[PDB]
Structures are given as C-alpha cells and as structure tokens.
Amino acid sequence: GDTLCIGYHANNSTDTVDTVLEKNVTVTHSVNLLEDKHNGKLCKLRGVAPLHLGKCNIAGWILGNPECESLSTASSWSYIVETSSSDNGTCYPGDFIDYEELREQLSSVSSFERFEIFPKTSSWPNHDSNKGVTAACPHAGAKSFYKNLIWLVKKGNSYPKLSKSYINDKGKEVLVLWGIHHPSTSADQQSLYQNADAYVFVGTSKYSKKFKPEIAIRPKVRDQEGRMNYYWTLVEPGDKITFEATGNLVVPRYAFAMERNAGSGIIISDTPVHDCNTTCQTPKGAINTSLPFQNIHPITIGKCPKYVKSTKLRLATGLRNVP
C-alpha cells in the first residue's frame, strides 16, 4: 500500500549537551554560551589607549624618577598598565602616603597636563636648587633626583624662612606632590638646612599639616640611612596651596592639571599593548563577545561577561540526534 511517514532530522553532529535528567546527549545543533577565547593583547578601551608604564611604578612615573622619562606622556588614558618588571619608583627610601588612593584616583583621566607650578629658574632665590642630588637616584652615571620635585638645601650658611603660594587658575583640579626629608643625624640636618629644629607647613582650603624632621638612623636602603616621605593633594579650581619651611622641604617643581574619570583600574601584566579596540579587558587579553559568561579571568575592566568556573556551557538548539 502507499505509505506516509512522520519523522525528524538526524545528522553528522557529535556535540553533546547535558540536561537535568541525562548527561552527554548528542544533539543535531547546539550553541556555546561560554566565552573561552581572548586575543592575547592589551587594547584600547572605548577607543582610548591605556597608560603603559614599562620599567616604572606609578610612584616613579608621577614623581619623575630619572628612568621614567622614556615614556611619552599622553593627555588621556582609559586604564593604567604596570608590568612585573615595574621596579623604578621611589628611589630615595620613604613612605608614599595614601599611595593606593593616589593610584585609584589616577586610574583614568580624560585630560591630564604637566606644568611647572614653581619654575626652578626664578622660584627660589634664597635657597640652593642645584645641589639637591643623590647616589640613590642615578641618571647618566651621575647623582640625580626626581624631575618633578626639587630638593632645596641651604645657600651658604643660611636657610631663611621660605614662603610660596600657587592659586589654581587651571579650571580643572591640580595634583601637587611634595616630599619631606628626614636626615640621619644632627650633623646631617645642620649640614643640609642649618637650622636644627626646622619645620614645614603645607595648606589649602581643606588641607593643613605641619611636619617636623624625624632625625634618626634607619637601616640602609639604596645606601641611605635617612628617609623621605612623599605627599600629595588635589587643589580645587580657585583654591590656593601654600608652602612654608625652615628646612627639610623637597619642593614641587611640576604639578598636574587633570579631569578624573570614574571607575577604572590598574592592571599588572606582561601581555603586550596593541593598537586594538575592545569593550572588555583582562590581564591575559581582551574579550570580544556577545556571550553572557566567560572563564578567562575574574578580574576584568569594561563592560564584561560574568566570570564563571565552568569549562563548557552548551545550549541545545536542535533535537536529540538518533542516526
């Protein structure tokens, strides 16, 4: 007799999926819901490149460590990259106060301009701005210092009361950093600043702090028994910052006008940076995906798939495959 039969597709396929009732069911068609591929590159995020530090810390880079000016300084970045070899930072030993908060705040800026707040050539006529140099920060073989600060020292036999202000006319906020130096011994204090019993004061509308030298011998670090502490503040548009000192103040030379962004981060990685566009970035490489889940890395930056611990998330689209 003539016959009509109802049936369903079967094919080549060897994809398997799991269901709640059965494991390893072969299906005709199927789609993976888990992104497991990255591009092995550090990319631009929302079309703007990261700041890449290479040899240096963030500390090394904003203080202006002598090794850190091989870096072309851009006015914009979407996140910051340090490498495992990012080693040049504070070359004169000391605390960098609220360092982590600085690195957070500096994560991502839409505008960033370096400028000379206190021009070296005309700012300090009663103090020595040239002998402020150390074996702890060497440059072309010679004793050197940070590019963005100046270590003032007495001129002849006098350290007169120093007093100096800056008003923020930049229209953005400006980041200013300074240091205070703690000699090893009384002989060193007197030798560098004359006045035993020196003090420093730094002030703005919101900031106010007095500093006194803590004279003692610490364990040798990069050949120094003294120490320098590093400080920073953000001066608001229209506000003024004033320095007053009778010794021990390592003075600002360059400061930074900037416009902070929002939440970005710092990645530490040896993945090479590329001209390359992404919307989700990890320390291993970028993820270009539509998919809701990834297992590449828990710590991402951008607009990212949710990180999961699974190795496969295969969704059935076709039917059970019965050849």
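Start at 1 and count along the sequence shown; that's the residue number.
On average the C-alpha atoms of 62-70 have higher B-factors than those of the other stretch, with 62-70 and 28-36 being the two compared. The PDB entry records a higher mean C-alpha B factor for 155-163 than for its counterpart among 155-163 and 248-256. Of the candidates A286, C56, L291, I296, the deposited coordinates give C56 the top C-alpha B factor. Taking only the listed residues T204, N168, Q194, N148, the entry reports the highest CA temperature factor at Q194. Looking at the C-alpha B-factors along this chain, the one for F118 belongs to the middle third. Sort the modelled residues of the chain by CA B factor and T233 lands in the lowest third. Among all modelled residues in this chain, the alpha-carbon of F112 has a temperature factor (C-alpha) in the middle third. Among all modelled residues in this chain, the alpha-carbon of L102 has a temperature factor (C-alpha) in the lowest third. Ranked by C-alpha B-factor against the other modelled residues of its chain, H127 falls in the highest third.
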